[PDB]
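Working notes, beginning with the structure itself.
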Amino acid sequence: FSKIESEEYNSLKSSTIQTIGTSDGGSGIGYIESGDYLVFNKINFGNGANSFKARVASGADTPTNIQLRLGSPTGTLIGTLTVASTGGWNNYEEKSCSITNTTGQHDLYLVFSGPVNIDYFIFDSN
Ligand SMILES: [Ca+2]
Ligand code: NA
């Protein structure tokens, strides 16, 4: 549940997504459109996690939400990270939001409401 690179998803649903280069020679996911989602099979939150942090970039004219659901694309919604513009598609920063205390192993789904670039995300226990 610690740190997960979004380019290393197990599956996804989209007709636009592509693996892009992120700042500092890193890799990530871009060309996301409303409705798309990334799937990360069997993530183990262990004893629990109540925080979500993601390194994202956005040069959009409107904010984008990243819903965090478990089990399926419509699964339990444990949190939603709203990503306001960061001034550019290559202006990456870490944004955090809380999530309902989640424990054990689950299949993680990230559902997007629009375009945003995402490098990696982390689950912690604040
Ligand atoms: Ca990455
Ligand atoms: Na995008």
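All residue numbers in this chain count up from 1 along the given sequence. Numbering of ligands and ligand atoms starts at 1, following listing order. Just so it is clear, the values below take in all heavy atoms, side chains as well, and ignore hydrogens, waters and symmetry mates.
- Taking the Ca ion (ligand 1) as reference, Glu5 places its N/O/S atom OE1 nearest.
- Among the backbone and side-chain atoms of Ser27, an N/O/S atom is found under 3.0 Å from the Ca ion (ligand 1).
- Of all N, O or S atoms in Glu7, the one lying closest to the Ca ion (ligand 1) is OE1.
- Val116 contributes O and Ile32 contributes N; the angle these two atoms make at the Na ion (ligand 2) is 110°, rounded to 10°.
- Inter-residue side-chain proximity for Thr80 and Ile66 is flagged as unmet; no heavy-atom pair is nearer than 4.5 Å.
- Side-chain atoms of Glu5 and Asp119, non-hydrogen and from C-beta on, do get closer than 4.5 Å to each other.
- The closest donor-acceptor contact from the side chain of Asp124 to the backbone of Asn126 lies at 3.5 Å or more, if one exists at all.
- With a 4.5 Å cut-off on side-chain heavy atoms, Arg55 and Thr22 count as touching.
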